[PDB]
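Visitor: Below you'll find the sequence and an experimental structure to go with it.
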Amino acid sequence: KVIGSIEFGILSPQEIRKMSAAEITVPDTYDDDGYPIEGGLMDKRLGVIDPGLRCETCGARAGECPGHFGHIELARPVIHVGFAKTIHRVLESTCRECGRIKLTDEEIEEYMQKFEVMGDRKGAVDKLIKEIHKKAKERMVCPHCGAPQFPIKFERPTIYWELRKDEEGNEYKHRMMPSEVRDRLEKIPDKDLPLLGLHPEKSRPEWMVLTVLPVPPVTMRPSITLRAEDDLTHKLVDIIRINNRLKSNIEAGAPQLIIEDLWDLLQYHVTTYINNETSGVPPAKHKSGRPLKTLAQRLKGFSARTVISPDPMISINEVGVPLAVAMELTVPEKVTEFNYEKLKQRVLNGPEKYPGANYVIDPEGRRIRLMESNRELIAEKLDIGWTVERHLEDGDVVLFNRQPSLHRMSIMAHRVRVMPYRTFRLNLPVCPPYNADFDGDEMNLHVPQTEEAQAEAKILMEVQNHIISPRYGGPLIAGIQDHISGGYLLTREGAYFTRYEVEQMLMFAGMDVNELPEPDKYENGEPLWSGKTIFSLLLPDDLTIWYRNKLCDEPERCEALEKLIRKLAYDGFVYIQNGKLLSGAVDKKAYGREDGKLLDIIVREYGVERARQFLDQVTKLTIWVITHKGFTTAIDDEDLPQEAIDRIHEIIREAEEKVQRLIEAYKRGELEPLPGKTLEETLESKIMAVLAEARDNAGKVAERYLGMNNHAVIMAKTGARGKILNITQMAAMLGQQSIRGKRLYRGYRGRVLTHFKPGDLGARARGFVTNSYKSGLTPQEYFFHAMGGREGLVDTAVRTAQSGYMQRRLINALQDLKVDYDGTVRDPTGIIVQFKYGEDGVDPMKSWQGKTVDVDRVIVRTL
Amino acid sequence: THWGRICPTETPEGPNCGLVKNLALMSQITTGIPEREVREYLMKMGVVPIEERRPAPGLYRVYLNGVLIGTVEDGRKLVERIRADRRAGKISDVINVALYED
Amino acid sequence: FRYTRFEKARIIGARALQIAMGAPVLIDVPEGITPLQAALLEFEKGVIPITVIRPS
Amino acid sequence: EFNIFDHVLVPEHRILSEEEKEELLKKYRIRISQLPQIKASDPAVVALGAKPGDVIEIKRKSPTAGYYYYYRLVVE
Ligand SMILES: [Mg+2]
Ligand SMILES: [Mg+2]
Ligand SMILES: [Zn+2]
Ligand SMILES: [Zn+2]
């Protein structure tokens, strides 16, 4: 009862005459300002549009009433403009008198057999189509008409010719009539059409010459009230206007020429009806100059939104929905034996309370509005089979959306948890997939209705089912910033939590009763809890994993592994054993997105219920540690003593004179040019590298004279928004300010700013800040930084154009591709684009960082 | 050239970024000055009208709003003269004279 | 030996829809929720009679 | 002066006999016209001497599945 296929073709006169409701003969419209009903083009058993129901037997009032087609018996045949070039390509490729494709038996036999090998590719079938055309177009001796010399054709816009013979060496051009052409196409047998671009059953050539013109229904020609008549109707009026004149002149006297003039005129009018923007055809305009837009101009030319707020106290798959939004958005629930009581209490609570309802739909289908009247007599013998539109309940399937919708991860299924106030609450680890922050970002909320839709979203789009990103073999939903810092503090060498802290705060997670909390590792200094052990209270009793932490570098790289070929004296190489955290500290390496080593493992091995649990309980774990201990950045965190200051000062002076020596050398034409680049570019390139070298060195100096064990540094080295590239900019120096590559030059005719000497190519002159954000920028530097800062604005905002467009292109190219059940990626036209997807057939969302089953890992699993 | 004319930070976000900007605190816009008193004082100080000139290389070429009125004798002489004239309050402050050097 | 995600979702939806339009549910007695969760619990017990005919 | 042949980015091209052809087209349940295709103008085809009707069996090293065999029809 749904659409398998659609098979296009060309309408036969018979069809148009049979599918017609009445023969249109009177060239007129409505008329006028009162009583709009005639007997030709308007509702003469054809279609309804005014508030009056009368129609073609089907009655069917103006409301809901599919339009009926009509027809026009053309007094003479008329070439269809859309087929003109095709009709031409057909005429001079086939034989008149004959009906053959002017090809030898051999040619047909091997051509058709070369035509079946291409029977699906629309692009590659035209090459052979035109090739065939030209091969027949050159011959004049067809194998099915004793050959009678074929007068080549001419064309356009809708006229045909044939340079025949009658004299001798002459080449007069016999004119071509639609009747002649059509009756000449009617000879071409069904056997030859396949060798062309036509069908014996779907698209006969003779039908390309219209003998009957199908009239669009009333519903497709609506009148645009102020009435602004429909264009189609007007042009049609002209067409019938000439058609009737023609037929009336044929029935009477026949001076031939008269009939020819009128025939060609009719031809013009139909040509315009098909396409007003045609070539060689004067656009039929309305009395204003404004061109009529016909057919070729016709087919051409439950949610919510609000601000978002964080909530690490709700489940990762849950969504906070303001109860007001919950009272507007409703769900269709058919009353059955299990919710009979609930729904009755809901509808009785009315549109008020909190668990109420707004509408009710009885089995007949009539919607009942619970506002007016009262929830009393309305909520009676409901019986099973009705339908209540109840307000959003805690747990309902709901789609959360944030635009722009880059990857699929932008729309995820959530579980409504109705809460007051007026914002959407999003659990914090689900921020990376949405790419949302908070400053002012707003998101969309969708409420699906049909049970199939809700289920489908709940089974396939639920948050927990998409912790890992399909782009790369790793988790997308994880720790963000505090989760990282909290994981570090919780898993530190000196992590000793008094009973008060452990006991009271484990309630942010769960899991204790008996052999979980036990037993207090340290009673040395005092009876206390080691953080490693408290963290250990979550991981299952069989995951043994080991991977170097972020600090496993520099001369602190080391190693000292030891395989099994128990004490504890390790730190870097994080070692977790059956839930027990032996060594290591939690950071960007341990948790967080992008990574690919722990959160990854617990989702492959134990994917749905466990993964969400480990995620959910960890945030609240890590958060309370951070909160109860105190975590801040002060202003002294970036301060360096006088010693580092004097050192940096001497460094920037050195770099300055390095640049001057380069300039003084350039002035005297002391050559020394770089190999590839131009001389002027050599100077610039050498300076930029010289200054960049000095910049990194200044930053290297900065990381020494600053305590590496205070809060700020932890964040840099840990895994909560960090980058040595920015640290150098905050304390040491920002560096060279550039504009689309080259240095800052665009200014006055002789310099950048009016504070330097004309031609000064010095360090400070061509835009180089020496001071960082701490020490403060000078008037010049502040301006230079602004000139260089405009880059990020323009660049980042411009990239969107190419990203969006490029993606939109490749999306509109691959959107059809699926994995067939035989494990094969095939285009929608049955073309094996890839025997077994991705060569191996392993979904990138389910592979171990590209590897088709991480073999080294599976083997180790032997305990 | 925006230094002291356009705000380096005041820029609306979006496609309007860079196109539309704001006037600096330290910035005035020219009022109106009829070319009469201008021309008159100009010639009167040594500008040699075009109705005569060759000029090139008259070692000079003077312009008024793109209109080459004429030439004088020494360049720095004219620029310093008109400038100091303006500083003495003898001529309107809205008159600017620039000596391009090439 | 198992189902694919899409097949699971499809089946669940189908059963839930069957339950909505009437059609007694297999072993469930003490519950108190929508047809969806009914089909969901029914699936957790592997009693959903809906079979996926795979083209092979 | 040597040759191309299984070199830089060139996989093991082979020609199919009627047997493996029919069987292969039977396995994937597809017609002759549904395969990716090569041209007779393709250098790797003229080197191996392929005719407009052959189905080249291509063996390439894949950094994911290791060894993969593709198939294509020689055309123009
Ligand atoms: Mg953000
Ligand atoms: Mg934001
Ligand atoms: Zn009707
Ligand atoms: Zn013939």
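Guide: Good, I have the coordinates. Numbering: from 1, shown residues only, chains lettered A, B, ... in the order given. Ligands and ions are numbered 1, 2, ... in the order given.
Visitor: Return the residues in contact with residue A:205.
Guide: By Cβ atoms under 8 Å, 6 or more residues apart in numbering or on different chains, residue A:205 lies in contact with A:87, A:90, A:185-186, A:188, A:193, A:198. Using the backbone N, CA and C atoms, a C-beta is placed for each residue, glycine as well.
Visitor: could you redo the last one with a cut-off of 10 Å?
Guide: Contact analysis of residue A:205 by Cβ atoms under 10 Å, 6 or more residues apart in numbering or on different chains lists A:10, A:83, A:86-87, A:90-91, A:94, A:181-182, A:184-188, A:192-193, A:196-199.
Visitor: Residues in contact with stretch A:806-813: which ones?
Guide: Stretch A:806-813 is contacted from outside by residue A:406, using Cβ under 10 Å, 6+ apart.
Visitor: do that again at 6 Å, thanks
Guide: Identification of contacts with stretch A:806-813 by Cβ atoms under 6 Å, 6 or more residues apart in numbering or on different chains yields no residue at all.
Visitor: returning to that earlier point: pull out the buried members of the contacts of residue A:205.
Guide: A:10, A:83, A:87, A:90-91, A:94, A:181-182, A:184-185, A:187-188, A:192-193, A:196-199 (16 or more other Cβ atoms under 10 Å in any protein chain shown).
Visitor: For chain B, which strand extends over the most residues?
Guide: In chain B, with assignment by DSSP state E, the single longest strand is strand B:67-71.
Visitor: do chain D as well
Guide: Per DSSP E, chain D has its longest strand at strand D:66-75.
Visitor: Please compute how far that one lies from its chain's middle.
Guide: The chain centroid and the centroid of strand D:66-75 are separated by 4 Å under Cα atoms, centre = their mean, to the nearest Å.
Visitor: got it, and stretch D:55-67?
Guide: So, by Cα atoms, centre = their mean, the centroid of stretch D:55-67 is 10 Å from its chain's centroid.
Visitor: do it and chain A meet?
Guide: Yes. Residues of stretch D:55-67 contacting chain A under Cβ under 6 Å from any Cβ of the partner chain: D:62, D:64-65.
Visitor: hey, what's residue A:417 bridged with?
Guide: Counting by DSSP bridges, residue A:417 forms beta bridges with residue A:320.
Visitor: ok, how many other residues are close to residue A:659?
Guide: Neighbourhood size, residue A:659 [other Cβ atoms under 10 Å in any protein chain shown]: 22.
Visitor: for residue A:726, same thing?
Guide: By other Cβ under 10 Å, 14 other residues sit near residue A:726.
Visitor: Would you mark the buried spots in the next helix or strand after the longest strand of chain B?
Guide: Following strand B:67-71 in sequence order, the next helix or strand is helix B:75-87 (DSSP states H and E). Residues B:75, B:78, B:82, B:85-86 are the ones in helix B:75-87 that count as buried (16+ other Cβ under 10 Å).
Visitor: and of those residues, the nearest to residue D:20?
Guide: residue B:75 (91.5 Å; Cβ to Cβ).
Visitor: mind checking how far the residue nearest to the closest one when sequence neighbours are not counted is from residue A:458?
Guide: In space, and not counting its chain neighbours, residue B:75 is closest to residue B:99: 5.4 Å by Cβ to Cβ, 6 or more residues apart in numbering or on different chains. With distances taken as Cβ to Cβ, to the nearest Å, residue B:99 is found 79 Å from residue A:458.
Visitor: more crowded one of these two?
Guide: Taking neighbours as other Cβ under 10 Å, residue B:99 and residue A:458 compare with residue A:458 leading, 25 against 9.
Visitor: for that one, helix, strand, or coil?
Guide: Classification of residue A:458 using DSSP: H, G, I helix; E, B strand; the rest coil returns helix.
Visitor: quick one, phi psi at the closest residue in space to it that isn't next to it in sequence?
Guide: Distances taken as Cβ to Cβ, 6+ apart place residue A:397 nearest to residue A:458, at 4.4 Å, with adjacent residues excluded. Torsion angles at residue A:397 (phi, psi; degrees, to the nearest 10) stand at phi -70, psi 130.
Visitor: Residue A:397 and ligand 3: what is the separation?
Guide: Going from residue A:397 to ligand 3 by Cβ to the ion, to the nearest Å gives 41 Å.
Visitor: Please apply the same query to residue A:81.
Guide: In terms of Cβ to the ion, residue A:81 sits 30 Å off from ligand 3.
Visitor: Which residue, neighbours along the chain excluded, lies closest to that residue?
Guide: Per Cβ to Cβ, 6+ apart, closest to residue A:81 is residue A:274, 4.7 Å.
Visitor: got the residue ranges for the strands in chain D?
Guide: Counting by DSSP E, the strands of chain D are D:12-14, D:38-39, D:55-62, D:66-75.
Visitor: Would you tell me which of those gets closest to ligand 4?
Guide: strand D:66-75 (32.5 Å; Cβ to the ion).
Visitor: got the buried residues for the closest one?
Guide: D:68, D:70-75.
Visitor: And the furthest pair within these?
Guide: D:68 and D:75 (22.4 Å).
Visitor: Quick one: residues in contact with stretch A:591-607.
Guide: Here stretch A:591-607 makes contact (Cβ under 6 Å, 6+ apart) with A:432, A:467-468, A:474-476, A:478-479, A:484, A:487, A:545, A:547, A:590, A:611, A:614, A:719, A:849.
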